[PDB]
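**Student:** structure of the sequence below:
(chains A, B, C, D, E, F, G, H, I, J and K)
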Amino acid sequence: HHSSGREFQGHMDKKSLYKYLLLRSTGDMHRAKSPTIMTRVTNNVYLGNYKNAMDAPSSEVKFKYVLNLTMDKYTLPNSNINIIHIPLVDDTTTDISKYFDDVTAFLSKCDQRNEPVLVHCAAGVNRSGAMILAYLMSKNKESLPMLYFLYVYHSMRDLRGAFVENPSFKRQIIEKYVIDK
Amino acid sequence: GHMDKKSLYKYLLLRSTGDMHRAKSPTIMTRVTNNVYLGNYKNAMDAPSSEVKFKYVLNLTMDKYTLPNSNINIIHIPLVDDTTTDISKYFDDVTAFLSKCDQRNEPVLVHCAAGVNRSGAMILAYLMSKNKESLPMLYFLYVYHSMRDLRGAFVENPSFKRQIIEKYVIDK
Amino acid sequence: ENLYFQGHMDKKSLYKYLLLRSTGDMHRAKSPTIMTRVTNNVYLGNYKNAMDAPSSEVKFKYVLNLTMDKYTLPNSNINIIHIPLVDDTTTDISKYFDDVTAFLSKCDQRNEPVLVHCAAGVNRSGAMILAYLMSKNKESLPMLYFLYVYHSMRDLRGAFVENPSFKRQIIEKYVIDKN
Amino acid sequence: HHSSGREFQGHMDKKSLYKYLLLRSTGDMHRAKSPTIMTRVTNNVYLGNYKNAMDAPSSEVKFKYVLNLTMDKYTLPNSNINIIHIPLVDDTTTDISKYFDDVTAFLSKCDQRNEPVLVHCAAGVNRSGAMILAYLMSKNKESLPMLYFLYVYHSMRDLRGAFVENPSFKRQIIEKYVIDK
Amino acid sequence: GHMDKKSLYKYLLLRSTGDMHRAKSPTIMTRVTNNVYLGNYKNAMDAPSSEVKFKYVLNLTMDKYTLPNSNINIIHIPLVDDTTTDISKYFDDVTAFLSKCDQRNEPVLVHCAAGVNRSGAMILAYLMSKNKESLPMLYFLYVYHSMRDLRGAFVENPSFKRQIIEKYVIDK
Amino acid sequence: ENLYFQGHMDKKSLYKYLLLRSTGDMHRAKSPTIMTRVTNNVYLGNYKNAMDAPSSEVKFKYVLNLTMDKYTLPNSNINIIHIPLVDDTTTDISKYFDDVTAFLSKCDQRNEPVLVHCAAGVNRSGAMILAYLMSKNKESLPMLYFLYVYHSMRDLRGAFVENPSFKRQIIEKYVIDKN
Amino acid sequence: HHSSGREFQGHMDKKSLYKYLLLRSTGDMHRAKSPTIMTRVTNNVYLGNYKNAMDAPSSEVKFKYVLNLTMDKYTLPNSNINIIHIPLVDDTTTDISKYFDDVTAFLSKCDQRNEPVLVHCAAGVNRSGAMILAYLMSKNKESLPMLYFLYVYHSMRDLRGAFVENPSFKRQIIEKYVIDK
Amino acid sequence: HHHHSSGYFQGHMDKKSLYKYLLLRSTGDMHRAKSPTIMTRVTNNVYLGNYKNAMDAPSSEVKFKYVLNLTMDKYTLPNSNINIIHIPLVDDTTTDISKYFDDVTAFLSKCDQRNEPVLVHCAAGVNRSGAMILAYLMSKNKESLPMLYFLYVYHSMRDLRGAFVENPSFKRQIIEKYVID
Amino acid sequence: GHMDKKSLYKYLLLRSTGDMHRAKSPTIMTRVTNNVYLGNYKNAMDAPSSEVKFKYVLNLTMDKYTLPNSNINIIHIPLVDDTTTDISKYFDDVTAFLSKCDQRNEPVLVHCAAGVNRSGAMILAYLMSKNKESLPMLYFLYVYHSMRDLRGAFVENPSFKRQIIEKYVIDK
Amino acid sequence: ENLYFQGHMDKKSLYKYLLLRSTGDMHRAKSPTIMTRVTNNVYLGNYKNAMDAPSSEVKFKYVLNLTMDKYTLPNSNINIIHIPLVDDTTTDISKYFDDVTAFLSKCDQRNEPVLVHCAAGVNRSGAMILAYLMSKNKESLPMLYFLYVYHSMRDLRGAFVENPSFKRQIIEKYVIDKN
Amino acid sequence: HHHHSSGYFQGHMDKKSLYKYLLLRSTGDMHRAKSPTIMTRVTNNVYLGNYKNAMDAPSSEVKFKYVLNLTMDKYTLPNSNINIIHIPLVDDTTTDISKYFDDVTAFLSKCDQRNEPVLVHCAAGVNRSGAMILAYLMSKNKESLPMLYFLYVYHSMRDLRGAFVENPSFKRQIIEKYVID
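**Tutor:** Residues are numbered from 1 along each chain as shown, chains lettered A, B, ... in the order given. See the structure here:
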C-alpha cells in the first residue's frame, strides 16, 4: 500500500511505510538501472543526466540554471540558460562534503525565487544524486533523522532506478546530515 | 544494544542503503544466546561429538535423520525455503520452545541445510521475541546486519524477512 | 555393486532375498553418514559429505546440490550445480530425470567425479541416483533389476528413496514405459 | 514439534504430545519394520536383536550381561560377558507374565550397579521388547498410567520400527502394569 | 460413558496400540443420537422410504442430487476426501446445524459416498462438541474406536482425525 | 442407443432436436436412479447402483469406482477399481482418458460386464462414459455425433456431465484434435 | 448450508439464507432450463407442464382438479379429473392481475378440502408459475414482504429450473403482493 | 481464441477454436439471458434493436430510411423522414411467424442492395426482431452448411446482445424453414 | 437513500429477480463520493490532464506503470480477477485509505483494466463500510444495482460479490 | 525495426550495444504510451491504446486482449479476442504460444491489422509479441537475434517483458529447443 | 543446471543450460551488485582481490611472488618477499585503461608460464582489478567466439564475486579491444 510518486509522508499508512523501508534496508533492493527522464524533486529543482541537459532548452519547464557536475564544459546553442560548471570526479576518494553547503544554499535560492534548475552529471546517479540528496536532507530539521534518510534514499532510488550508489558519497551525506549536525 | 551511537547509526545506515558483502556460506556454529545455537547440516551431524552438550536439535530441513549414539532429542519441522511459503505459522511455537531451552539451560542447535534461511529466520524470530519495545526497527536492522556480518549470510530470503517484520516489528 | 551378476549369481539366495525384502521384511530406515560410490565417477552423499568434498581423496569436479539451500565451496576448484527440490509426496521430479541422468552419464564418460546430495542423502539425491542407475538398464520390463538395485542400495546406505511418490515416478519413467 | 530421542516428557509441549499420541492411537501408525541397531533404553539397559548380541563383544559399551530370550543357547567366544538364557516362545499362547517381576528386578539391579546389559531375542521386537516394556512400566508409580503406556509404546515403536507387535504380549503388559496394580 | 473401567481401559489400550480390524464398508445406517444418523450414498437414496421420517439430509459427497417424491430438505457441502483439504472450516456450522436438529427433534441423515470419512468426521465433530471436559482424550479414543467397531470403518483419513483432535481435544 | 442411425434416421426430426437442444432448450438436471447400459458390457450408474451390483441380474466382473471413497463388496466375486476423482471445474481428468477407455474397450472385447459410477452418476462417471463413446467414433470432426450422444444420454438419464470443464476436456481430446 | 427442498425457513441458518438471496439478487443466477416433473408446492397444490397434465390420470396423487392455463382445451380420456380451462397468453402485454384473487381463492379451497390440484401451462414456467407465485404470496401476512418474495422466487426457480421468467408477470405479482396491499 | 463483433470470419477463423466454442455453447455452457441495450449492426445496412432504440433512431449517426416495427402498437416518429413499416407480431409459442419470413427477408435484402439503413425492432429486441434477423441471415447463407451456420449465428449473436430468440417456437420455425427445408 | 419507497422497492425487486441489462464496458470515470472516483485504465492514463486534481491513483491491475509529468501518487495492488482469489484480505486497508482521502479532501481514482470487477469491488467495499446498520441488505442491493445501472457493468464477478456480502452484510 | 540487417549493419556499434546492454547497462523501466507497429499488421499497445483502436487511422480488424477484464467496443466493427492471463512469475504462458503466433501470423498473411495489449502493454502482451517475432526466425540457436529484438524493443517502448519468468519461457520455446 | 566455480567447462557443458543462463543474464535477470570478500583464483596463478586481500597476501597459503596494486596509493608489505608492482588507475567513466591492457596481460601471461602466483587488486576488487582480469581472460581466448565468451566470463565471474566490472566505460574499452577489434 506504498504510494510511489514524484516529490507528504507523515500520514501515509505507517505499517506499509515501515515494512517497505525495513525490507529495502535488509537487502531487498533492485539491481541498479540507468535513469532516463528528469525527476522533479522539488517545486523547482530537477535531477537528470547529460542527455536531459542537452534537451533542457526545448523542455516545457523554463529552466534558468543548469548545474553541470561533469568534468566537461559545454554550451547550449540557442538558449539563455545559465550553465554553471562545478566539475566533480565520481569515485570513492573524492571529498564532496565541501560542496554541500554551497550547493544546497543555491538550490534553496532557486526554489525561493521559483527559478527551475536542473542538476545533472553524466548518468544522473552519483554526482548529481548526492547534491540532490544533500538538498533534501538540508530541509529536514530533526536531530537524528535516520528514517527520513532511508525513506528519501530508497524511494528516490526506486523512482529513478539508481541513486547515489557511490558508497563514499553516501557515507559523506550520512556524516553531514544524519550523524552530526 | 546500547553502544557508541554515532558509529552504530553510521554502520546501520550504510548497511541499509546497499553496502553489503556478497553472501558467504557459514561453516561453524554460532552461539546466539546462552543455550541457543545456529548452524548448518554438518554442524548437526557433529553435534553429538561437540564440546557443547546439546539436549535438542531442531531440524528445519525437509529430511528426517537420526543421531544413533547420542542422547540428543531431535525435533523435525520440514520447511520449504522459497518465497511463497508461510513460516509465520511456526514462530510462536518455535520461540516458545527456544525460550524454554534458555530457561532450563538446555543447549539446542537450530539448523537447516546451509544454516542461512529457514534456521536463520527461526533465530531472527527468537531474538525479536525477546524485545519488548513498541516499534523495534533499529533493533531489527541491528540484529539483522550484525548476524549477517558475523555468519557471512543470514536470512537472504526476502519473504522470510517480510514475515518477521510483519510479526515482530510492525504489528506489536 | 554387483548388478552385472544379476542373471548369474546364486538364484536361491537372490530370490529369497528379493522376495522377503519385497513382501515386508525390510529394516527400519537409518540415516547414512558416509558417501557411497555408485558408479565409476558418481557418488551419493548427504550435506556433510558435501562440506567435506574439497578435502576428500576423490578429486571431485562437480557437486550436484539438490537441497533448497545454495552454498559455496571457496577454497575448492569444484563446480556446484544447484537444483532446489522439494521432498514431498506431491512434487514432480520426473521433469529433471533426463537432464540429470544425461549430465551424470557425461561425468562418467569423461571421468569427472561428481557427488550428488540432498540434506540427509536419502530421498531427493537417492531418486536422482536411482534414475541414473535405471537409465543404464536396457531390458524391456526390468522388474528384477529395479528390485535388486533398490534393496541393495537401501541395505548398503541404511535408507534410500523412502519417498513413495519418488519411487512411483521412477517406476513410471524407467520400468513400465520402455519398449 | 515432537522430540524423537533415545531414552524428560513432563515438560515437552503438551499439545504436541497429545496430538501425537491420539493420532497414533487411532490408527495412524507406520507398518512394522525390523530394528537393526541396539537401543539404549536406560543408562545401562539396551534392547537389541540376535545380530546385536553377536556384536556385543566388540561394542564400545562394556556389557556384563546378555539376556538371551531365544530358544537357542549360544556362547560368545572371546568375551567375559555372562549370557543368561531365558528361553521364550514368541506366540499368542504363551504366558510371559510370570517372567516380569524377575526380569525387571534384574535389569533394575543392572542399572543400580551400572553394569550394561543387552536384552535381545531373534528380531529384537516381541520377546525382548516386552521385557523392556515391562521394565519401563515398572519404574512408573501412578495408579492408572495409560498415557505413559501409550507414550512409551509409540515412541519406542517409532524409534525402533517395531515394538511388541505381539498382541498377547501387549495384553499381558497392560493387565500387569496399567489395569491392576 | 461411565462403565466398567478396567475392561474399557483394556479395550482402549489394545485398540490404541495397533489391535485394529481391517476396514469394512458399512451398509446400514447408524443412529448416532436421538435424531442424527450416519450413512452412505445408498442410505441417502433410501431415506425417503425409511421408517425414520427425516426432514434433512446432509450430503457431503461432491455430487448434487434431488429426491423428487420426498419432502426432505437436502443440504449439500461438497468436501474432498484427501489429506490436504481443510474441513475444520465447516465444523462449527455443521455441529450447530446438527445440534438444531436434535433440539427440534428433526431427524437428519449425514452421508458421503461410502459413509466413512467426510460424513464420519462430521459425526465425530458433532459428538466431540457435546463434550464439556477440558482434555477429553479418553472420550475421543472411546468414541472413535467404538464407532469404528460398530460401523466397520470410521474416519480412516488421518488428516481428518488430526483436524478433529486440533479442534476438540488439544485446544479447548 | 441409436448412434448407428446417425446418417440415416429422419433428418428433420433429428436436426430440430439437436438444434433446439443446442440453442438453450434443455431440461433442468434430474438425478438418475437406475443403471443405463451404454454398450454391450459397459454400464453407467450411481453409488447405490454400485451397492446393488452383486445382486443384479447382469453378471458384473468389474466395477469402476470414481468417487473419492473406497469400499468393498465382500460376498461378490466382483473386481473393484478405484480411481478417486475430484468433481470440480479445475481438475484435469483427461490424463485418465486413454487408460479408462482402453480398459472399457477390453471389457467389451472380452464380454466382461463393468459398471462405471461416481456418487450421483452424472459427472465423473458420465465423463468417462462419454470419453469411451467418443473413442469409438472414427470420423474427422464428429460434431453431429458428439451433440447427439451428449443430448440423448442426458435425456435418457436426466443429467449427464453437467460439469462444463469435463465437457471441454472431452471436446479437446476427442473432437477437435483427430485427423 | 442452504436446504433445497420441496415445499420452514424462519429457523434455517440466517447468514446462509441471506448470502444465498443476495447473491441470487445481484446477478448470480443459473440460465433458465425447462422443468420436467411436477412440483408439490403445497399439501395439495402442484405446479407442472402440459406433459405433467397428460400423465395426471396415472399419477399416484389422486388429482381432482386441473387448471389448464394454455389456449387449448383438451380432455382426459379415462379420468374423473375436472379440467378447468382458464386460457392465458404468455407475453408482456397481458394483464393477469385480474385472475389472481379468483385463482388463489380456488387453490386455497383445494388445500382446505385436501383435494389435489395441478396447475400447468405449456412449459410449466410463466402462466402457471405466476398463479402459484400469487398463491404463495397470498398466504403471507407481513406488510412489505420483500425477503419472502425473493426467497420464494429464487428457491422455486432453482428447484424447477425456470420460474416466472416473464418480467411483466413478475411486475404484476410485485404490485399486488409486495408493494401495495 | 474466438472473436466477437458483428458486421465471413467463419470459413476463415481457427476451426478448432470454432468447434470448441460451438460445442460448449451447444451442450449447455450458456449465459443466463440479459436484455440488450444498444443496437447491433448485423449487416452493412440492417440493424437489430429494441423500442428505446427505435425512438432514438432519428437522433442516431446512422441515416435510417426504414424502421420495421414488430410490436402491436403503431407509432409515429415526430419530425423524421424515416418510413415506419408496421408488422405486428405476438411474442409467444403459439404464433406462426414463418408466413412473414420471405417478405421480411426480401425487404431486408432490398435494403442492403440499395444501401438504405434499416432498424428491425420489437419491445425488448430479443424474440420477434431477433427471429426476423436470424431468418435474414439464414436467407443470405450461401457458403457454409446451415446446421453449423445456424449455431454459429445463434450463439455469437446471443453472446453479443445478451439474449437472442429465446422463444423456442420461433427457433423451431426458423429451423424448419432454413435448415430442414 | 430514503426516497419514494414503493418505486425503489419495485426497482430492486425486478432487478433482483433477473431483470438486468447485458453488461456494457464503461468509458467515463464515475465520481462515487466527494473525493473517490471509479474508472478504467484509460481514465488512469488521462488522470494527470483531468479537471479533477487527483493526488492518488489506486491501480488494481496486475501491471505497474508510472505517470511521469504528473504529481500523482500511484498505489499498486495487483489483484487477480477470477473466482478463487481472496480479495477480502485487502478490504480494511483499502477502505481506510479511501476514507483518509475523503477526510483530507484528496481526490483519488480507483481503477483496474476495464473498471468493472477489481476496482468495482473496492468501491463497493468502500460504500458498504460507511454504512452503520446491522443487516444492510436493502442498501447493498440498492448500491449494487444503481451503480451497475449508472456504469453499465459493476462487480460482475460473483466471488467478489460473495466476499463483500460476507464482510459487510452478513457478519457485521 | 531492422532485424533484416542483423548480419549486416555495423558490427562494432551493434556488438558494443548488445554487449553493454547484456552486462547490466539497461535503463530503468518506463511505461509506454503509444502503440508500436511491430510487423506489417501486428501492433503492441496498452489498454488505453485498445480503447482508442476504433478511432485509430489504422483499420483494425482484431484486438487481442490479454488482461483479465473483458470489454466491448460497441461502435466499431472490430473483433475482440480475450485470453485472460496472469502476470506473475509462476503462471505458464507457453501453452498459448503456438495458437497466438499462428493467429498473428494469419493476420499478417491476410493483411488484417491486429492490436495486442494487456494493461500497461509491457509483460503479457510483450511476451506474445516476442513469441511472434521469435517464431519468424529460422536459425538454429538465434542468440544474437533474441538479444537484439529484446533490447531494441525495450529501448523503443521504454519497457518490454520485464517479467523474468516470461522471458525464460520464451527462451525455452524459441531459442534453446529448435534443430 | 549451470555450474559455478573458477579455475574449459564451456565448449563442454550442456549448451541449452548455457544459453538459457546467458540469455536470462543478458536480458536483465541479474542480481544487485554486492561487494566481494575473499580472493578468486581466476587461473592457475592469477588471483583477483581487494585491498584487504592484498594485506593478507603474506599470511596466505598461496606463495605469492607478485601483487599488482591498481589503487592510487603506494604501499609496502612489512616483511614479505612479494614484489608489489604499482599501476595507479582512477575508477570512473572518463579514464583510458585500454593503454594498459597489453602490458598487464603480457605480465599476467608471464606469471602463468613461470608458475608465479599473482594477486591483482584495487580498493573494492570490482572495477579496476576486474577489468585487468577480464582483459587477461579475453587475451587467452583461443577456442570460442569472443562475444559469447565475453558474456560467459562476465556473468559467471559476477555471480561468483557478487560484482565485477560494473563500470560501463571499462566494459566498453574491453569490448573495443577484444570483441570488435
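
**Student:** show me the contacts for the closest residue to chain D within chain A.
**Tutor:** Closest residue of chain A to chain D, C-beta to the nearest C-beta: residue A:26 (28.0 Å). Every residue, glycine included, has its C-beta placed from N, CA and C. By C-beta atoms under 8 Å, 6 or more residues apart in numbering or on different chains, the contact list for residue A:26 reads B:16, B:140, B:141, B:144, B:145, B:155, B:161.

**Student:** which element is residue A:109 on?
**Tutor:** helix A:97-112 (DSSP states H and E).

**Student:** what's near enough to touch the closest residue in space to residue A:31 that isn't next to it in sequence?
**Tutor:** Spatial nearest neighbour of residue A:31, excluding adjacent residues (C-beta to C-beta, 6 or more residues apart in numbering or on different chains): residue K:32 at 4.3 Å. Neighbour list for residue K:32: A:29, A:30, A:31, A:32, B:18 [criterion: C-beta under 8 Å, 6+ apart].

**Student:** go again using 10 Å as the cut-off
**Tutor:** Neighbour list for residue K:32: A:27, A:28, A:29, A:30, A:31, A:32, A:165, B:18, B:20, K:162, K:163 [criterion: C-beta atoms under 10 Å, 6 or more residues apart in numbering or on different chains].

**Student:** buried among these? Need that as a selection in PyMOL.
**Tutor:** Entered in PyMOL, the line below selects the buried ones among these, by 16 or more other C-beta atoms under 10 Å in any protein chain shown:
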select buried, (chain A and resi 27+28+29+32+165) or (chain B and resi 18+20) or (chain K and resi 162+163)
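
**Student:** output the contacts of residue K:32 as JSON lines; include the columns secondary structure.
**Tutor:** Converted to JSON lines, the contacts of residue K:32 look like this (DSSP: H, G, I helix; E, B strand; the rest coil):
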{"residue": "A:27", "secondary structure": "coil"}
{"residue": "A:28", "secondary structure": "coil"}
{"residue": "A:29", "secondary structure": "coil"}
{"residue": "A:30", "secondary structure": "coil"}
{"residue": "A:31", "secondary structure": "coil"}
{"residue": "A:32", "secondary structure": "coil"}
{"residue": "A:165", "secondary structure": "coil"}
{"residue": "B:18", "secondary structure": "coil"}
{"residue": "B:20", "secondary structure": "coil"}
{"residue": "K:162", "secondary structure": "coil"}
{"residue": "K:163", "secondary structure": "coil"}
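
**Student:** from the contacts of residue K:32, which two are the most distant?
**Tutor:** Greatest spatial distance among those (C-beta to C-beta): A:28 and K:163, at 17.3 Å.

**Student:** how about the residue most central in space within chain A, nearest residue that isn't a chain neighbour?
**Tutor:** The centre of chain A sits closest to residue A:132, judged by C-alpha atoms, centre = their mean, with a distance of 2.6 Å. Nearest in space to residue A:132, with sequence neighbours left out and distances taken as C-beta to C-beta, 6+ apart, is residue A:47 at 4.7 Å.

**Student:** which ones are touching the residue located most distally from the centre of chain A?
**Tutor:** Using C-alpha atoms, centre = their mean, the residue of chain A lying farthest from its centre is residue A:78. It sits 27.1 Å away. With contact set as C-beta under 10 Å, 6+ apart, residue A:78 has these partners: A:57, A:58.

**Student:** returning to that earlier point: residues in contact with the residue nearest to residue A:132?
**Tutor:** A:35, A:38-41, A:118-121, A:124-125, A:128-129, A:131-133, A:135, A:156, A:159-160, A:163.

**Student:** go again with 6 Å.
**Tutor:** By C-beta atoms under 6 Å, 6 or more residues apart in numbering or on different chains, the contact list for residue A:47 reads A:39, A:41, A:119, A:128, A:132.

**Student:** show me which residues of chain A sit near chain K.
**Tutor:** By the rule C-beta under 6 Å from any C-beta of the partner chain, the part of chain A lying against chain K is A:29, A:31, A:71, A:89, A:90, A:91.

**Student:** contacts only, for the third one.
**Tutor:** The one in question is residue A:71. Counting by C-beta under 6 Å, 6+ apart, residue A:71 makes contact with A:87, K:94.

**Student:** can you check the fourth one too?
**Tutor:** Residues touching residue A:89, when contacts are defined by C-beta under 6 Å, 6+ apart, comprise residue K:92.

**Student:** could you find the closest non-adjacent residue to whichever residue of chain A sits closest to chain C?
**Tutor:** Proximity of chain A to chain C (C-beta to the nearest C-beta) peaks at residue A:27, 14.9 Å away. Sequence neighbours aside, residue B:20 is the residue nearest to residue A:27 in space, at 5.8 Å (criterion: C-beta to C-beta, 6+ apart).

**Student:** and which of the contacts of residue A:47 is nearest chain E?
**Tutor:** residue A:39 (48.3 Å).

**Student:** so the closest one bridges to which residues?
**Tutor:** Assessed by DSSP bridges, residue A:39 has beta-bridge partners residue A:47.

**Student:** what distance do you get for the residue of chain A found nearest chain J to chain F?
**Tutor:** Nearest residue of chain A to chain J (C-beta to the nearest C-beta) works out as residue A:161 at 2.8 Å. Residue A:161 sits 39 Å away from chain F when distances are taken as C-beta to the nearest C-beta, to the nearest Å.

**Student:** residue A:114 too?
**Tutor:** 60 Å.

**Student:** what's the answer for residue A:39, then?
**Tutor:** Distance, residue A:39 to chain F, using C-beta to the nearest C-beta: 45 Å.

**Student:** just residue A:18 next, same as before
**Tutor:** 38 Å.

**Student:** try residue A:73
**Tutor:** Residue A:73 is 66 Å from chain F, by C-beta to the nearest C-beta.

**Student:** what's the answer for residue A:128, then?
**Tutor:** Separation of residue A:128 from chain F (C-beta to the nearest C-beta): 53 Å.

**Student:** do residue A:83 as well
**Tutor:** Using C-beta to the nearest C-beta, we find residue A:83 at a distance of 64 Å from chain F.

**Student:** hmm, residue A:64 and that residue touching each other?
**Tutor:** No - counting by C-beta atoms under 6 Å, residue A:83 stays clear of residue A:64, with 10.5 Å between them.

**Student:** what sits in contact with each of those two?
**Tutor:** Counting by C-beta under 6 Å, 6+ apart, nothing touches both residue A:83 and residue A:64.

**Student:** so which residue of chain A comes closest to chain B?
**Tutor:** For chain A, C-beta to the nearest C-beta, closest residue to chain B: residue A:25, 3.6 Å.

**Student:** and the gap between the residue of chain A found nearest chain F and chain G?
**Tutor:** Here the residue of chain A nearest chain F is residue A:1; by C-beta to the nearest C-beta that distance is 30.5 Å. Distance of residue A:1 to chain G, given as C-beta to the nearest C-beta: 28 Å.
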